[PDB]
Amino acid sequence: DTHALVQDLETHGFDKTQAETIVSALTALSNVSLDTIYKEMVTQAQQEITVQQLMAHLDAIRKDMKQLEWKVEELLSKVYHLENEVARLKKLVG
Amino acid sequence: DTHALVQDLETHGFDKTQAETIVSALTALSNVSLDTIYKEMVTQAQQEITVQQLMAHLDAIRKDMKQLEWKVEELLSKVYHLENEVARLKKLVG
Amino acid sequence: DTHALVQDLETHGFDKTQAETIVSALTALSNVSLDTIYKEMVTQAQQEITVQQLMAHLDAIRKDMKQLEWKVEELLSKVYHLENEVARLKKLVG
């Protein structure tokens with residue numbers, strides 16, 4: 001912050017005006033630089049949103065896979081029951 | 001950029017040489033610090049490439065999931081058809 | 001880093017104390033800015049770790065996918081074999 005920096009310069013061989021204008025210049029470049037960085041780079045907030053979205057895709061796929069697994073298990077049981085019926089039929093006619 | 005900053009210092013109790021050397025120091029640190037940031041941090045253009053790659057992986061898995069779903073559906077239709085055939089056969093053999 | 005900057009100021013119309021306090025101010029703002037940037041933005045090192053974690057989730061899903069594929073193959077074989085048995089049975093009774 002401004003005070004303790006302007007305060008420091010004044011008490012180490014600078015004027016009021018010299019210390020404030022120096023600090024005005026430091027702030028000026030700081031703020032334009034940060035502004036350029038925040039625009040060009042990826043913020044942690046943007047990253048968090050992207051990651052949540054990718055985890056939402058992964059969760060939807062996992063959910064589908066579970067459902068398909070359950071549907072294959074049901075088909076397997078029905079196939080089992082038909083195998084028994086068919087084996088029984090073969091015996092009757094055979 | 002340089003001008004209005006050196007201009008400001010000179011007109012607030014600094015020399016030509018004092019204002020330029022100050023500004024030379026600000027530039028020096030700004031430029032090395034930015035250079036270190038632009039190298040160490042992720043740009044939007046790099047993010048986009050990474051995200052697209054992750055979305056391509058997710059799309060391939062979704063596409064494999066769809067094909068497997070279709071293949072289970074086919075199996076389902078065949079099992080249904082065998083259920084009906086077997087029920088018909090049981091009827092014939094009395 | 002500090003030296004050649006304090007050295008430059010002194011030799012261009014500044015004191016020992018004036019040159020060091022200026023440089024102390026440049027360091028102060030540099031370091032708070034960088035600290036704010038490192039907290040708010042995504043580094044390449046962070047990105048690599050996040051990407052590896054997402055790829056570990058994708059690899060777990062691809063692994064589960066293979067096991068479900070195997071299970072569909074086992075259903076398919078059983079369904080195919082029942083189709084043949086049934087086709088044969090229909091001929092015998094038909």
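Proteins get letters first, then strands, A, B, ... in listed order; numbering begins at 1 in each. Worth knowing before you read on, the calculation uses all heavy atoms, side chains too, and leaves out hydrogens, waters and symmetry mates.
Only the side chain of C:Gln46 has a heavy atom closer than 4.5 Å to any heavy atom of chain A. For chain C, the nearby part of A:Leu5 is the side chain; its heavy atoms alone come within less than 4.5 Å. For C:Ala25, the parts sitting under 4.5 Å from any heavy atom of chain A are the backbone and the side chain alike. Contacts between C:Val93 and chain A at a heavy-atom distance below 4.5 Å involve the side chain alone, from C-beta outward. When heavy atoms are compared at a cutoff of 4.5 Å, C:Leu92 approaches chain A solely by way of its side chain, counted from C-beta outward. For C:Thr21, the parts lying under 4.5 angstrom from a heavy atom of chain A are both the backbone and the side chain. Within the 4.5 angstrom heavy-atom criterion, only side-chain atoms of C:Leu82, from C-beta onward, approach chain A. C:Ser24 does not touch chain A: none of its heavy atoms, backbone or side chain, sits under 4.5 Å away.
At a cut-off of 3.5 Å, with distance as the only test, no side-chain donor of C:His57 or C:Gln53 sits close to an acceptor on the other residue.
Using a 4.5 Å heavy-atom cutoff, the side chains of C:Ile61 and A:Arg62 are in contact.
Taking chain A as the reference chain and counting heavy-atom pairs below 4.5 Å, the highest number among C:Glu20, C:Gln47, C:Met65 is found for C:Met65. Each of C:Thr17, C:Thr50, C:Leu58, C:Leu68 has some count of heavy-atom pairs under 4.5 Å with chain A, and the biggest count is that of C:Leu68.
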>> Set out, in order, the CA-CA distance, both residues' side-chain angles and the distance that settles salt bridge (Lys or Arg N to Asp or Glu O under 4.0 Å) for A:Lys71 and A:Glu74, then state yes or no.
In response: CA-CA 5 Å; A:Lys71 181 176 182 195; A:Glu74 194 184 340; over 6 Å; no
